[PDB]
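Please read the structure below before turning to the comments.
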Amino acid sequence: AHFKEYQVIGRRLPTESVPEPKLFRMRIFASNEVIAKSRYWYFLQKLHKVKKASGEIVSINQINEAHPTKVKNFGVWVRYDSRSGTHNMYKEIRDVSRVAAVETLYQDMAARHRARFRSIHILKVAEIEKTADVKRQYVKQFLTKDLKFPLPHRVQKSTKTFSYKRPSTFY
Amino acid sequence: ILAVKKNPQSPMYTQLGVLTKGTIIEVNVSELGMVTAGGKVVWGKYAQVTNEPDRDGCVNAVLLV
Amino acid sequence: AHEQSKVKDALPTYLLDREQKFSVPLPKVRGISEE
Amino acid sequence: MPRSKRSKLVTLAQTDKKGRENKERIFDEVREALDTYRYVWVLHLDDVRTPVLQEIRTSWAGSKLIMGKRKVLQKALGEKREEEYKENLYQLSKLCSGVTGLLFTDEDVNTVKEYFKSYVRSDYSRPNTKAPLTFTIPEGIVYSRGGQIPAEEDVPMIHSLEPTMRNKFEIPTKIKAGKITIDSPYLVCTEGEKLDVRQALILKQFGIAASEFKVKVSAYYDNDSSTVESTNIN
Amino acid sequence: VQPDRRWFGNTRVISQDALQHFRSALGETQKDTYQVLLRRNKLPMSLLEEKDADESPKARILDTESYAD
Amino acid sequence: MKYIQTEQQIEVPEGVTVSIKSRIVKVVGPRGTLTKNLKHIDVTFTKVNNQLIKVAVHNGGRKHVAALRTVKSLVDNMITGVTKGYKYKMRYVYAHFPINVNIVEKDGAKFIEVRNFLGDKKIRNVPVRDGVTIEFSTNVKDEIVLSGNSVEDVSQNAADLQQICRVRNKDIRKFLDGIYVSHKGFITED
RNA sequence: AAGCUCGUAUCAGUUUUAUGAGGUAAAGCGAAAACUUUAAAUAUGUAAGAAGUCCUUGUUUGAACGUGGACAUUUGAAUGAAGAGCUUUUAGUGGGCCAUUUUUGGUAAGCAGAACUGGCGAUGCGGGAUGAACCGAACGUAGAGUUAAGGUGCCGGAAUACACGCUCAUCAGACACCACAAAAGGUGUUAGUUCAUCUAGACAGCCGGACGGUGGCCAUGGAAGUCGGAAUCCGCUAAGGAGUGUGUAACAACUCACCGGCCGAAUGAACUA
RNA sequence: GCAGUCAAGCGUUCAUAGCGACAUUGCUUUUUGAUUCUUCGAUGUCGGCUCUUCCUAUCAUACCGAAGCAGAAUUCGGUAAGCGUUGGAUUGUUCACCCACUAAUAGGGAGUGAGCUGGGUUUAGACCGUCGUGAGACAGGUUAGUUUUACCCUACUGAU
């Protein structure tokens with residue numbers, strides 16, 4: 001969709017001989033808050049034996065970008081279960097914010113590996129602070145001095161159904 | 001072969017002599033040269049047929065030892 | 001075989017140098033009708 | 001290149017790649033022998049028949065001869081002043097160019113510089129030198145050795161190597177009865193010519209050793225004084 | 001098929017005295033052209049055959065020089 | 001993987017002038033002029049300084065970048081053609097029936113006549129191409145030399161001469177008659 | 001319905017609580033996995049007030065059994081609400097397919113027998129080109145608006161919309177579908193995982209070395225690394241097999257396995273989608 | 001087919017719990033091309049004229065690739081359905097096999113009771129054999145052993 005990133009802090013319910021549990025926290029990518037809560041409970045129950053029935057959501061907030069207008073490179077690490085045995089995977093995405101990088105990663109996984117939103121688990125999104133640490137060549141080829149290139153050839157948009165001019169793809 | 005000792009799924013077929021799969025038959029084993037304690041010479045034992053010999057010609061059997 | 005070629009029952013003298021419960025193996029076979 | 005790529009050729013032979021340990025052992029041996037002798041020469045022996053090299057070796061069983069990767073010898077000695085086992089070495093390490101070449105010894109300088117002065121063997125052209133002779137293949141049956149022996153003692157050339165001279169050595173030949181024959185005069189090399197790649201092959205095919213090969217020296221180092229002395233012998 | 005100790009039991013043993021008797025009583029036939037057979041008294045017949053020969057059939061030459069030799 | 005740009009370079013010697021309009025290349029040299037039409041290849045040409053011409057592909061795939069070094073090689077071949085020229089050398093062999101080769105003009109057409117092949121009576125003609133000169137080399141019996149500015153004419157004519165004399169329905173281990181290509185070099189030499 | 005005694009705050013294809021039953025660990029932890037200390041459900045039975053509580057105690061004090069008064073409706077969980085029970089008898093019916101969810105048994109492969117729950121027959125309407133079992137859907141007569149399922153190049157009402165990738169098929173593909181040939185074969189293309197080589201210079205190319213005992217032993221007309229058989233060692237090296245192919249009647253000659261020289265930055269193998 | 005051996009992978013991780021491709025051995029009669037004188041129960045229908053058209057899984061004709069392919073004649077393959085693919089003898093049976101001509105005598109589908117008939121339809125008869133106490137029935141065998149339309153609408157062929 002148009003994703004957002006939430007911070008969800010949950011906790012097991014209080015009880016005698018165990019007051020004040022240990023307040024676990026997660027960063028989740030989702031389109032609204034209900035999906036974020038659902039993912040939090042899913043991942044807790046998967047990690048260990050806590051249950052929505054026995055826990056509670058202490059807080060849930062939104063995390064904005066600190067510099068939403070500065071181009072950055074991220075490395076993304078993903079694990080997903082489809083179709084046979086799982087496998088981890090590291091990709092590089094050059095974009096402007098963590099949310100948009102994740103959105104394009106999801107679209108790309110859908111395009112290639114027949115993967116949907118409930119098969120994919122984002123493990124880490126980390127900015128590559130130092131150049132020459134980027135690995136992938138399809139990103140590396142955008143970091144050269146004095147870069148110039150022309151727009152794709154032979155495209156043009158029209159609205160009339162009849163034209164009198166035999167257009168030119170100027171060029 | 002020397003007899004059809006026992007055919008499953010009926011005694012009437014045991015009488016008639018039918019050789020379906022699972023049948024227990026009695027074979028002459030003088031070619032294997034078996035000798036029993038006390039020094040006698042076995043020449044007849046039991047085997048089980050292990051195929052459907054209506055989908056081929058051979059009757060295949062495993063000795064019972 | 002080639003790769004392995006780099007690093008690397010009591011028969012008599014006349015028998016070497018030569019060569020070659022009470023259940024039944026098949027219980028409960030399928031059933032055949034009289035038809 | 002996910003598909004449509006060159007399938008490399010696997011082959012079933014006994015020997016294996018030598019690996020990094022060989023470079024390391026060589027670089028260790030040269031440096032740990034560097035402080036066992038006193039005079040360290042350098043040689044330029046490029047196209048050396050291994051039997052000749054072995055004769056040079058055995059001409060004294062008291063001194064060690066080392067051969068290896070050029071840059072490995074440099075890494076043993078030292079590239080800049082700011083790294084070297086012993087002192088002032090770089091001034092000969094900056095000179096070794098071809099197939100070098102390192103001679104340890106425990107003998108006076110003059111005996112060695114005269115041994116390497118009075119030595120030469122007879123050999124083949126080793127191309128891109130000058131052609132020090134002018135021979136033409138006679139215009140009949142091309143005999144095995146080329147035509148420079150008494151031809152009535154020679155045996156006619158075997159049939160099996162006609163396509164080499166007809167394709168690669170670019171010599172117009174035909175096949176009459178089993179002898180290989182030529183009918184037009186042929187010139188291989190003109191005496192005093194830069195020899196391209198094919199003429200050395202055509203010459204080595206006829207077994208005429210007509211080249212002087214002498215080992216040469218370019219630099220030198222004496223330990224108990226520790227300063228190089230570059231003397232040129234050829 | 002139920003399990004049972006028969007089936008894994010010998011059924012038709014025979015002894016050396018009977019073997020020798022029957023083998024000696026196959027070279028004394030004296031067929032009568034007017035006697036007809038009524039029953040045959042099932043016996044192990046591959047042990048009582050094999051009168052003596054004088055031939056000793058040919059040896060297999062294929063075990064030494066196959067064909068590529 | 002859709003590289004942003006792929007590039008090659010064509011070096012030009014000091015006698016020839018290449019001139020490239022839309023995609024119709026024309027090279028003029030010390031030996032003649034050659035023209036080629038590359039309008040089916042989708043590349044961008046650029047001149048650097050009178051001795052270097054860069055060819056480029058913007059944002060191209062694997063099959064599209066494959067056809068770039070081939071354009072480079074065609075233009076290079078044209079340049080070496082107009083400076084050095086090409087000379088192919090063919091030879092004919094025979095056992096019993098001599099192959100009799102001749103050049104004959106049939107209404108201003110310059111065919112090559114091949115008679116007596118294996119005793120045949122058919123008169124095989126191969127039409128010489130326009131731009132490639134042909135002559136029988138002396139000092140060597142049974143040798144025909146073709147020369148010219150273009151490779152794709154010399155080599156094709158040699159192919160026609162070679163393939164006009166196949167041996168049908170015989171053991172090509174025993175029957176060795178034919179016309180085969182002996183050498184492919186330059187006119188200069190050396 | 002005939003009809004009449006009864007809408008009596010009592011009922012219910014429902015949840016909650018108490019408790020049994022599955023006992024599978026998947027809570028979770030042990031006295032040297034060796035538990036039962038104990039979950040969370042999965043549908044599985046029963047129970048949750050007036051025919052009920054207390055006082056007081058006569059018979060075959062605890063067991064049932066008799067007795068003489070106190071006890072009030074937020075009177076003993078939640079949701080919904082008025083259509084359960086006898087008598088008369090009176091009409092039709094009394095034997096069958098599809099699918100899902102459990103269970104048992106099955107062989108070439110199908111499947112067969114039990115049980116629950118939906119569809120059909122008795123039933124139109126919208127969609128799937130066309131359809132009894134597929135997706136939607138509360139059938140009087142009309143007006144207006146909004147939608148379901150399916151769709152939107154033209155047939156044909158509705159974007160030749162927007163954004164990111166993949167694909168070239170000399171019968172592409174657009175499927176009652178996730179079953180059948182179905183596991184592999186391909187120098188088609190794209191992404192990914194794990195191991196390696198590498199400025200003491202990788203991968204591809206050219207050029208040089210490729211040695212000595214030694215034509216190693218047995219074979220036989222001839223077998224010198226290369227028709228065969230048994231070993232497969234030693235020396236010298238940077239490296240060089242008692243030898244990967246071409247070749248000879250036997251040799252010679254070329255070649256790679258392995259080293260080095262020229263050049264200069266990334267390369268290779270296996271594997272998954 | 002049955003009983004094994006192997007061993008790349010798969011299987012939650014896993015060899016060894018298990019599966020398990022490709023390879024491999026056991027034998028169904030006799031090591032010297034000797035004649036094998038099996039020819040052993042189809043319970044239901046094949047076999048044959050006249051005439052079109054289609055498939056390719058190709059016999060011949062055209063063109064190619066490979067073989068100890070010297071020449072001649074062959075053998076194994078690729079494209080290809082344009083063209084052709086015969087005359088007779090045999091029912092004490094023809095779910096076949098013979099001998100000739102030929103370039104070759106390939107395999108099939110649509111079939112086909114309204115364009116034709118042979119065993120086989122069964123009947124009306126009769127006799128013989130087997131069975132039954134008998135009337136009768138059949139393990140059989142022999143003989144006898146009738147189906148005709150369009151004058152309607154379409155399709156096809158010609159004609160106004």
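Labels used: A, B, ... for chains in the order of the structure tokens, numbers from 1 for residues in each chain, and numbers from 1 for ligands as shown.
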Inset, instruction - Starting from chain F, keep only residues with some atom at most 12 Å from an atom of chain G, counting only C-alpha atoms (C1' of nucleotides), and report them as a PyMOL selection string. - result: chain F and resi 1-2+61-63
Inset, instruction - Please identify every residue of chain F that has at least one atom no more than 10 Å from any atom of chain A, counting only C-alpha atoms, and report them as a PyMOL selection string. - result: chain F and resi 1-5+58-59
Inset, instruction - Might you pull out every residue within 12 Å of segment 10-16 of chain B, with only C-alpha atoms (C1' of nucleotides) counted and same-chain residues fewer than 6 positions away left off, and present them as a ChimeraX atom specification? - result: /B:3-4,22-25 /C:31-34 /E:1
Inset, instruction - List every residue of segment 2-117 of chain F that DSSP, applied to the backbone, labels as alpha helix (DSSP H), and write the result as a ChimeraX atom specification. - result: /F:62-84
Residues of the last selection are to be written out with N, CA, C and O atoms, as a CSV table (one decimal), in the first residue's frame.
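Below is the file selection_12.csv, written as the result:
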chain,number,residue,atom,x,y,z
F,62,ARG,N,21.4,-8.3,-22.6
F,62,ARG,CA,22.4,-9.2,-23.0
F,62,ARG,C,22.5,-9.4,-24.5
F,62,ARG,O,23.5,-9.3,-25.1
F,63,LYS,N,21.3,-9.8,-25.1
F,63,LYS,CA,21.3,-9.9,-26.5
F,63,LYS,C,21.5,-8.6,-27.2
F,63,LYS,O,22.1,-8.6,-28.3
F,64,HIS,N,21.2,-7.5,-26.6
F,64,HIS,CA,21.4,-6.2,-27.2
F,64,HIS,C,22.9,-5.7,-27.1
F,64,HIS,O,23.4,-5.1,-28.1
F,65,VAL,N,23.6,-6.1,-26.1
F,65,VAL,CA,25.0,-5.8,-26.0
F,65,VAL,C,25.8,-6.8,-26.7
F,65,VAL,O,27.0,-6.5,-27.0
F,66,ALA,N,25.3,-8.0,-27.1
F,66,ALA,CA,26.0,-8.9,-27.9
F,66,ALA,C,26.3,-8.3,-29.3
F,66,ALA,O,27.4,-8.6,-29.9
F,67,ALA,N,25.4,-7.5,-29.9
F,67,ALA,CA,25.5,-7.0,-31.2
F,67,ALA,C,26.3,-5.7,-31.3
F,67,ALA,O,26.2,-5.0,-32.3
F,68,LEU,N,27.1,-5.4,-30.3
F,68,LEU,CA,27.9,-4.2,-30.3
F,68,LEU,C,29.3,-4.4,-30.8
F,68,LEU,O,29.9,-3.7,-31.6
F,69,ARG,N,30.0,-5.4,-30.2
F,69,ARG,CA,31.3,-5.8,-30.7
F,69,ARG,C,31.3,-6.3,-32.1
F,69,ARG,O,32.3,-6.2,-32.8
F,70,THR,N,30.1,-6.8,-32.6
F,70,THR,CA,30.0,-7.2,-34.0
F,70,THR,C,30.0,-6.0,-34.9
F,70,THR,O,30.6,-6.1,-36.0
F,71,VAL,N,29.4,-4.9,-34.5
F,71,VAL,CA,29.4,-3.7,-35.3
F,71,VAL,C,30.8,-3.1,-35.3
F,71,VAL,O,31.4,-2.7,-36.3
F,72,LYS,N,31.5,-3.1,-34.1
F,72,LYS,CA,32.9,-2.7,-34.1
F,72,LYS,C,33.7,-3.5,-35.0
F,72,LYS,O,34.6,-2.9,-35.8
F,73,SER,N,33.5,-4.8,-35.1
F,73,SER,CA,34.4,-5.7,-35.9
F,73,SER,C,34.1,-5.5,-37.4
F,73,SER,O,35.0,-5.5,-38.2
F,74,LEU,N,32.8,-5.2,-37.8
F,74,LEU,CA,32.5,-5.0,-39.2
F,74,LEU,C,33.2,-3.7,-39.6
F,74,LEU,O,33.8,-3.6,-40.7
F,75,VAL,N,33.1,-2.6,-38.8
F,75,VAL,CA,33.8,-1.4,-39.2
F,75,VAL,C,35.3,-1.5,-39.3
F,75,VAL,O,36.0,-1.0,-40.2
F,76,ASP,N,35.9,-2.2,-38.3
F,76,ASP,CA,37.3,-2.5,-38.4
F,76,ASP,C,37.7,-3.3,-39.6
F,76,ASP,O,38.7,-3.0,-40.3
F,77,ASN,N,36.9,-4.3,-40.0
F,77,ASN,CA,37.1,-5.0,-41.2
F,77,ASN,C,37.1,-4.1,-42.4
F,77,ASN,O,37.9,-4.3,-43.3
F,78,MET,N,36.2,-3.2,-42.5
F,78,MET,CA,36.2,-2.2,-43.6
F,78,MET,C,37.4,-1.4,-43.7
F,78,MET,O,38.0,-1.2,-44.8
F,79,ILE,N,37.9,-1.0,-42.5
F,79,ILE,CA,39.1,-0.1,-42.5
F,79,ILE,C,40.3,-0.9,-43.0
F,79,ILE,O,41.1,-0.5,-43.9
F,80,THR,N,40.5,-2.1,-42.4
F,80,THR,CA,41.7,-2.9,-42.9
F,80,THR,C,41.5,-3.4,-44.3
F,80,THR,O,42.5,-3.7,-45.0
F,81,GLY,N,40.3,-3.4,-44.8
F,81,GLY,CA,40.1,-3.7,-46.2
F,81,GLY,C,40.5,-2.6,-47.1
F,81,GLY,O,41.2,-2.8,-48.2
F,82,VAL,N,40.2,-1.3,-46.8
F,82,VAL,CA,40.6,-0.2,-47.6
F,82,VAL,C,42.1,0.2,-47.4
F,82,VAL,O,42.5,1.1,-48.1
F,83,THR,N,42.8,-0.3,-46.4
F,83,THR,CA,44.2,-0.1,-46.4
F,83,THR,C,45.1,-1.3,-46.8
F,83,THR,O,46.0,-1.1,-47.5
F,84,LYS,N,44.7,-2.5,-46.4
F,84,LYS,CA,45.6,-3.6,-46.7
F,84,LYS,C,45.0,-4.5,-47.8
F,84,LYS,O,45.8,-5.2,-48.4
I'd like a table as CSV: residues in chain G with an atom no more than 6 Å from chain D, each row giving the shortest atom pair and its distance in Å to one decimal, only C-alpha atoms (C1' of nucleotides) counted, sorted by chain and rising residue number.
residue,atom,partner,partner_atom,distance
G:187,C1',D:4,CA,3.4
G:200,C1',D:72,CA,4.9
G:208,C1',D:47,CA,5.7
G:211,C1',D:50,CA,5.7
G:238,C1',D:68,CA,4.8
G:241,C1',D:14,CA,5.9
G:257,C1',D:13,CA,5.2
Just N, CA, C and O atoms (P, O5', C5', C4', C3', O3' and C1' of nucleotides) for this one: save the residues we selected as a PDB file, in the first residue's frame.
ATOM      1  P     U G 187      23.437 -27.107 -22.168  1.00  0.00           P
ATOM      2  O5'   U G 187      24.036 -25.685 -22.549  1.00  0.00           O
ATOM      3  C5'   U G 187      23.411 -24.495 -22.091  1.00  0.00           C
ATOM      4  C4'   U G 187      23.726 -23.306 -22.965  1.00  0.00           C
ATOM      5  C3'   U G 187      23.207 -23.368 -24.404  1.00  0.00           C
ATOM      6  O3'   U G 187      22.795 -22.061 -24.798  1.00  0.00           O
ATOM      7  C1'   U G 187      25.519 -23.000 -24.419  1.00  0.00           C
ATOM      8  P     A G 200      51.712  -7.433  -4.447  1.00  0.00           P
ATOM      9  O5'   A G 200      52.147  -8.958  -4.385  1.00  0.00           O
ATOM     10  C5'   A G 200      53.283  -9.410  -5.098  1.00  0.00           C
ATOM     11  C4'   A G 200      53.539 -10.871  -4.848  1.00  0.00           C
ATOM     12  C3'   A G 200      52.313 -11.765  -4.795  1.00  0.00           C
ATOM     13  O3'   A G 200      51.851 -12.086  -6.104  1.00  0.00           O
ATOM     14  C1'   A G 200      53.807 -12.298  -3.019  1.00  0.00           C
ATOM     15  P     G G 208      57.739 -21.095 -28.176  1.00  0.00           P
ATOM     16  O5'   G G 208      58.535 -21.205 -26.805  1.00  0.00           O
ATOM     17  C5'   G G 208      59.845 -20.674 -26.686  1.00  0.00           C
ATOM     18  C4'   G G 208      60.329 -20.690 -25.259  1.00  0.00           C
ATOM     19  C3'   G G 208      60.359 -22.041 -24.571  1.00  0.00           C
ATOM     20  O3'   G G 208      61.462 -22.847 -24.940  1.00  0.00           O
ATOM     21  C1'   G G 208      59.374 -20.473 -23.133  1.00  0.00           C
ATOM     22  P     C G 211      60.772 -34.088 -20.657  1.00  0.00           P
ATOM     23  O5'   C G 211      62.317 -34.215 -20.314  1.00  0.00           O
ATOM     24  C5'   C G 211      63.176 -33.100 -20.453  1.00  0.00           C
ATOM     25  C4'   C G 211      64.144 -32.998 -19.306  1.00  0.00           C
ATOM     26  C3'   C G 211      64.835 -34.282 -18.895  1.00  0.00           C
ATOM     27  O3'   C G 211      65.909 -34.616 -19.750  1.00  0.00           O
ATOM     28  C1'   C G 211      64.132 -33.087 -16.974  1.00  0.00           C
ATOM     29  P     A G 238      64.074 -24.442  -7.078  1.00  0.00           P
ATOM     30  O5'   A G 238      62.520 -24.573  -7.401  1.00  0.00           O
ATOM     31  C5'   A G 238      61.572 -23.666  -6.856  1.00  0.00           C
ATOM     32  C4'   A G 238      60.331 -23.594  -7.710  1.00  0.00           C
ATOM     33  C3'   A G 238      59.884 -24.915  -8.314  1.00  0.00           C
ATOM     34  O3'   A G 238      59.008 -25.595  -7.438  1.00  0.00           O
ATOM     35  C1'   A G 238      59.931 -23.218  -9.988  1.00  0.00           C
ATOM     36  P     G G 241      56.160 -35.977 -12.586  1.00  0.00           P
ATOM     37  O5'   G G 241      54.639 -36.448 -12.542  1.00  0.00           O
ATOM     38  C5'   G G 241      54.205 -37.490 -11.679  1.00  0.00           C
ATOM     39  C4'   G G 241      53.277 -38.435 -12.398  1.00  0.00           C
ATOM     40  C3'   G G 241      53.938 -39.670 -12.996  1.00  0.00           C
ATOM     41  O3'   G G 241      53.944 -40.749 -12.073  1.00  0.00           O
ATOM     42  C1'   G G 241      52.571 -38.597 -14.626  1.00  0.00           C
ATOM     43  P     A G 257      45.622 -28.444 -19.266  1.00  0.00           P
ATOM     44  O5'   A G 257      46.329 -29.395 -18.206  1.00  0.00           O
ATOM     45  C5'   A G 257      45.753 -30.640 -17.862  1.00  0.00           C
ATOM     46  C4'   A G 257      46.544 -31.353 -16.797  1.00  0.00           C
ATOM     47  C3'   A G 257      47.386 -30.498 -15.870  1.00  0.00           C
ATOM     48  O3'   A G 257      46.608 -29.890 -14.852  1.00  0.00           O
ATOM     49  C1'   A G 257      48.584 -32.446 -16.519  1.00  0.00           C
TER      50        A G 257
END
